[PDB]
Amino acid sequence: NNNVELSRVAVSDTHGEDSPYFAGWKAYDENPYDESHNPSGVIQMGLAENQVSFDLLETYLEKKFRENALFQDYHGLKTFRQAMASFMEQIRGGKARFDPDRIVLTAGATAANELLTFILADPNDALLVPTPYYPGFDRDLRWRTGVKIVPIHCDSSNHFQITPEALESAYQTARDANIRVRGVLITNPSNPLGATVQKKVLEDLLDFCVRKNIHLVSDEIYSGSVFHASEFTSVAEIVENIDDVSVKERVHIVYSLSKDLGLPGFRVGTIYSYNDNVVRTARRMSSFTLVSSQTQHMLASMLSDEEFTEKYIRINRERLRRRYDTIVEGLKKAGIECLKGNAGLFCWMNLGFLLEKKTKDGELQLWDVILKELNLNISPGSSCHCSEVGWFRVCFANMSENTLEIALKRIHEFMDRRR
Amino acid sequence: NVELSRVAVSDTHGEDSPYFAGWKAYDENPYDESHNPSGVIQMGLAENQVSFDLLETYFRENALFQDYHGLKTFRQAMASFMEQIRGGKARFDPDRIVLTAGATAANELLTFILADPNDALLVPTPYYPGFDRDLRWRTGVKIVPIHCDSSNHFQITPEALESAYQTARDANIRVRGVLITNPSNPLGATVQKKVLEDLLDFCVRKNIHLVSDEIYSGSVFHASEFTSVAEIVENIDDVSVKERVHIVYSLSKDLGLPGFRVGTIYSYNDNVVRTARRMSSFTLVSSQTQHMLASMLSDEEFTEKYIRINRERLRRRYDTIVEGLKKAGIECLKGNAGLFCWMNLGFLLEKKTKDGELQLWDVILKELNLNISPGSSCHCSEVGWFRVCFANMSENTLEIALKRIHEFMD
Ligand SMILES: Cc1ncc(COP(=O)(O)O)c(C/N=C(\C=C\OCCN)C(=O)O)c1O
Ligand SMILES: Cc1ncc(COP(=O)(O)O)c(C/N=C(\C=C\OCCN)C(=O)O)c1O
């Protein structure tokens with residue numbers, strides 16, 4: 001006899017925890033920085049969390065049960081989905097409108113993307129994802145679904161943006177390889193690039209999805225963190241300009257309050273689908289990952305406070321843009337370039353010029369030095385499947401001004417030695 | 001036009017079914033004491049309101065906490081709360097507690113961990129209709145029934161386990177475990193300690209898993225009649241036996257908090273613990289909710305008394321409905337736990353068939369404006385049985401519902 005057996009999924013490494021993204025976070029837990037009693041400790045810059053605006057929520061909740069405890073309906077509180085739909089309209093500046101009856105809540109966007117993948121792709125089918133992308137997709141999209149990721153290659157020529165030749169090449173290469181493609185999943189604005197997607201690129205992408213008869217999933221979890229509202233194009237805007245419901249039926253939006261509101265612990269995700277069958281199916285499936293009715297009830301009033309949401313979103317954009325400029329201008333003093341970003345909680349930092357040669361193990365060696373001599377946890381670009389080595393994602397939104405300044409000192413101090 | 005996955009177009013969502021057709025019909029004309037007492041009274045939903053008044057009489061760091069270990073305070077509260085429910089007959093290490101969004105998530109997640117697509121789990125009939133979705137819809141895993149009949153109050157026998165296993169072998173389906181409900185839904189009955197030990201020996205001999213969904217453990221009328229598989233493991237000394245036992249629990253039924261989506265897996269298998277915790281990223285409990293409940297669920301004073309009083313009211317509510325149904329000439333199976341009774345209407349049947357049972361089920365939904373669950377939606381092997389929920393309603397509403405059934409038998 002042998003030890004009682006677990007499933008293939010259970011012994012698979014697709015949980016993604018043998019990886020630089022997880023090891024650097026682990027190195028942070030063993031020696032965390034602290035201004036007062038460990039200024040030599042590891043500064044956490046590898047986690048995309050937003051604390052720069054959190055005082056607005058603290059100030060707001062200061063100034064202001066049986067029903068929710070019994071409410072477990074898979075639609076979610078009608079009151080909260082109105083708050084969510086209105087909050088999403090405010091993020092997009094009225095260039096889109098959201099019917100609360102189409103809102104499906106999930107425990108964060110982690111749940112939403114896996115759920116949508118269950119709905120749009122069979123096991124052994126594939127989704128196209130532009131590189132570089134959020135390492136967590138390698139778990140979220142694949143671990144339990146049997147679905148595969150086919151990369152859409154992007155390089156620095158066009159600032160890592162989708163080109164029609166890369167969409168056609170990724171699709172056709174897979175189709176010639178007897179891999180069935182079911183859709184494209186994009187991050188808009190991008191993680192890890194911190195960059196909006198240009199409107200015409202999204203329009204060509206939607207046209208491409210029509211021509212191949214595939215789906216378009218747009219993960220817009222950083223939409224409220226675009227530095228300037230007018231530079232963001234949600235796929236909702238491209239679809240609102242179309243009454244052809246035959247076209248609408250393939251577009252789905254993933255959103256979450258984890259990044260824009262800085263509430264990751266509350267696990268508020270949503271799917272907004274223009275496909276009525278996906279809505280009905282996603283909602284039944286959300287039974288496996290429902291949002292606490294307590295937090296829905298708490299957040300509903302705050303997220304419907306049109307006065308407060310207008311102010312929060314405006315101010316959150318400015319503080320993130322302000323941190324982006326702080327860190328990008330700090331790195332330029334040290335002789336380090338970043339991609340020009342216009343959104344998100346992270347900058348995309350080019351260190352390829354410090355490498356042995358453009359190889360993967362050279363990037364990890366450098367990452368090891370930044371993690372052990374500089375005591376900074378940042379994410380190596382190859383764990384985001386970047387096509388060029390030496391790029392690093394650096395998060396700037398989860399820390400105090402001074403902690404960012406000290407982190408900048410260590411890097412500036414490190415470049416002086418290497419010259 | 002776009003294609004969706006087989007999972008998306010599948011019937012396994014289970015809503016083209018009487019359990020959800022009657023729950024539907026309730027929404028179109030819902031009862032309300034104030035402005036519609038002729039409306040549909042909901043008796044098809046196992047929810048517990050009878051003890052909620054006891055709860056009523058009783059930030060930056062939380063918002064940022066998204067760790068899949070869960071709050072340590074809340075894992076401590078859950079573990080001590082689960083020990084109090086079992087009367088100290090078992091001990092729960094808070095470090096092994098894995099939280100999920102309800103037991104709905106927990107059973108599906110465990111199914112992902114314990115069985116491959118196209119393998120099977122054995123499930124005793126009758127069983128919770130939601131399992132037909134939860135264990136199968138996204139997992140590709142099959143349910144092979146363990147048949148039970150009324151001769152022994154629908155309890156598992158060593159023989160039924162073995163022929164059920166043989167049935168899967170004939171279909172070239174590999175059995176990976178048995179999932180039981182302890183106490184039973186829809187029977188409302190504890191499982192005898194002897195039966196659980198014989199079940200565990202069967203799982204050892206076939207080297208398969210045993211999942212015990214004990215979401216109704218706090219609703220056993222007389223605490224000593226309940227045997228958790230945790231008590232049986234507490235006194236086993238072979239690790240080969242322990243390693244296959246996993247407990248699912250939730251605060252939805254015993255505490256009446258279904259909306260907060262607090263589920264847990266307590267597994268005696270360290271790799272299931274670690275895998276369940278990684279997999280719980282897809283279905284985490286709100287940290288706000290963990291925090292609020294940690295203080296309440298660690299107040300052993302309040303919890304010891306809450307558990308005691310909830311047992312007494314569910315027993316009396318059980319007595320109210322079963323004695324109400326007997327007055328109308330209807331027998332219920334002898335139950336001792338849960339939020340529902342198991343009602344035999346087999347004598348009003350047109351043809352001792354499944355078609356006949358649903359036809360009769362249609363009458364109670366239309367004419368009586370009562371949603372109750374037909375036993376064939378629980379895969380009962382005998383026709384004419386119905387699950388009737390009694391804890392999701394007021395005193396007044398239950399009396400009104402009984403009166404409607406009483407008149408129908410006239
Ligand atoms: C593009 C994208 N989608 C979904 C998620 C999941 O977020 P949720 O709504 O479940 O809270 C992330 C989280 N981004 C990160 C994940 C951090 O770990 C926590 C995962 N919940 C990151 O550091 O890049 C993300 O970047
Ligand atoms: C044995 C069992 N396990 C798990 C669950 C789900 O519990 P939760 O996910 O809240 O922790 C139920 C709910 N059973 C019912 C609840 C249904 O509500 C709607 C979802 N089907 C029922 O009517 O039998 C159950 O009976």
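Both ligands and their constituent atoms are indexed starting at 1 by order of listing. All values below were derived from every heavy atom in this structure, side-chain atoms included, with hydrogens, water molecules and symmetry-related copies excluded. Below, read A as the first sequence line, B as the second, and so on, with proteins coming before strands; counting in each chain starts at 1.
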Completion exercise
of all protein heavy atoms, closest to atom 16 (C) of ligand 2 is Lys253(B) NZ, 3.3 Å

Handout entry: Expected output: side-chain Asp260(A) to main-chain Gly224(A) donor-acceptor under 3.5 Å
Key = yes

Fill in the blank from the handout: Within 4.0 Å of some non-hydrogen atom of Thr187(A), the atoms of ligand 1 are 1 (C)

Exercise for the section: Considering only non-hydrogen protein atoms, determine which one is nearest to atom 21 (N) of ligand 1 and report residue, atom name and distance to 0.1 Å. Expected result: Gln66(B) OE1, 3.3 Å

Handout entry: Backbone or side-chain N or O of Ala111(A) under 3.5 Å from ligand 1 N or O
Key = no

Practice task
Look only at interatomic distance and state if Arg267(A) has a nitrogen or oxygen under 3.5 Å from any nitrogen or oxygen of ligand 1.
Solution key: yes

Fill in the blank from the handout: Note: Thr104(B), heavy atoms under 4.0 Å from ligand 2, region reported as both

Exercise for the section: Say whether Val262(B), considering both its backbone and side-chain N or O atoms, lies within less than 3.5 Å of an N or O atom on ligand 2. Expected result: no

Practice task
Compare all side-chain heavy atoms of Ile327(A) with those of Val394(A) and state whether any distance is below 4.5 angstrom.
Solution key: yes

Handout entry: Nearest protein heavy atom with distance in Å, relative to atom 18 (O) of ligand 2
Key = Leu45(B) CD1, 3.4 Å

Practice task
Measure from the ring center of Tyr255(A) to the ring center of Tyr222(A) and say whether it is less than 6.0 Å.
Solution key: no

Handout entry: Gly102(B): numbered ligand 2 atoms lying under 4.0 Å from its heavy atoms
Key = 9 (O), 11 (O)

Handout entry: Nearest neighbour in protein (non-hydrogen) for atom 1 (C) of ligand 2
Key = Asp213(B) OD2, 3.2 Å

Completion exercise
The protein heavy atom nearest to atom 11 (O) of ligand 1 is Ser258(A) OG, 2.6 Å

Practice task
Would you please indicate yes or no on a ring centroid separation below 6.0 angstrom for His385(A) and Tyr133(A)?
Solution key: yes

Problem - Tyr133(A) touching ligand 1 at heavy-atom level, < 4.0 angstrom - result: no

Practice task
Report yes or no: is the cationic atom of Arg138(B) (NZ for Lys, CZ for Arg) under 6.0 Å from the centre of the six-membered ring of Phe112(B), at an angle within 45° of the ring normal?
Solution key: no

Completion exercise
If you compare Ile215(B), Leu251(B), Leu290(A) by their heavy atoms, the one closest to atom 5 (C) of ligand 2 turns out to be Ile215(B)

Practice task
Specify side chain, backbone, both or neither for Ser250(B), according to which of its non-hydrogen atoms lie closer than 4.0 Å to ligand 2.
Solution key: side chain

Practice task
Looking only at protein heavy atoms, identify the closest one to atom 15 (C) of ligand 1 and say how far it is in Å.
Solution key: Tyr134(A) CE1, 3.2 Å

Exercise for the section: Check whether NZ of the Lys or CZ of the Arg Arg317(B) lies under 6.0 Å from the centre of the six-membered ring of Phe390(B) and within 45 degrees of that ring's axis. Expected result: no

Handout entry: Residue and atom name of the nearest protein heavy atom (relative to atom 26 (O) of ligand 1), distance in Å to one decimal
Key = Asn191(A) ND2, 2.6 Å

Exercise for the section: Establish, yes or no, whether a centroid distance under 6.0 Å links the rings of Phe392(A) and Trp348(A). Expected result: no

Handout entry: Qualifying residues under side chain to side chain contact (heavy atoms under 4.5 Å, CB included), relative to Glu15(B), sequence neighbours excluded
Key = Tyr74(A), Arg284(A), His13(B), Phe20(B)

Handout entry: Protein heavy atom at shortest distance from atom 4 (C) of ligand 2
Key = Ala103(B) CB, 3.5 Å

Practice task
Using modelled atom types only, decide if a donor and an acceptor are shared between the side chain of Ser225(A) and the backbone of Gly344(A) within a distance under 3.5 Å.
Solution key: no

Exercise for the section: Please assess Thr104(B) against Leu290(A) for the test side-chain contact (heavy atoms from CB on, under 4.5 Å), listing each intermediate value before the final yes or no. Expected result: CA-CA 10 Å; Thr104(B) 298; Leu290(A) 295 167; over 6 Å; no

Handout entry: Residue pair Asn377(A) / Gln44(A), side-chain donor-acceptor N/O under 3.5 Å
Key = yes

Exercise for the section: Within a distance under 4.0 Å of any heavy atom of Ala48(A), pick out the atoms of ligand 1 and give their elements. Expected result: 22 (C), 23 (O), 24 (O)

Problem - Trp23(B) contact mode with ligand 2 (heavy-atom cut-off under 4.0 Å) - result: side chain

Exercise for the section: Tell me which part of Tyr19(B) gets within contact of ligand 2: side chain, backbone, both or neither, using heavy atoms under 4.0 Å. Expected result: side chain

Problem - Residues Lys259(A), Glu49(A): salt bridge by 4.0 Å N-O rule - result: yes

Problem - Numbered atoms of ligand 2 (with element) below 4.0 Å of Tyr216(B), judged on heavy atoms - result: 1 (C), 14 (N), 25 (C), 26 (O)

Completion exercise
For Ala189(B), the side chain to side chain contact (heavy atoms under 4.5 Å, CB included) test, sequence neighbours excluded, returns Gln155(B), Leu187(B), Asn336(B)

Practice task
Indicate, as side chain, backbone, both or neither, the part of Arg387(B) found under 4.0 angstrom from ligand 2 when only non-hydrogen atoms are considered.
Solution key: side chain

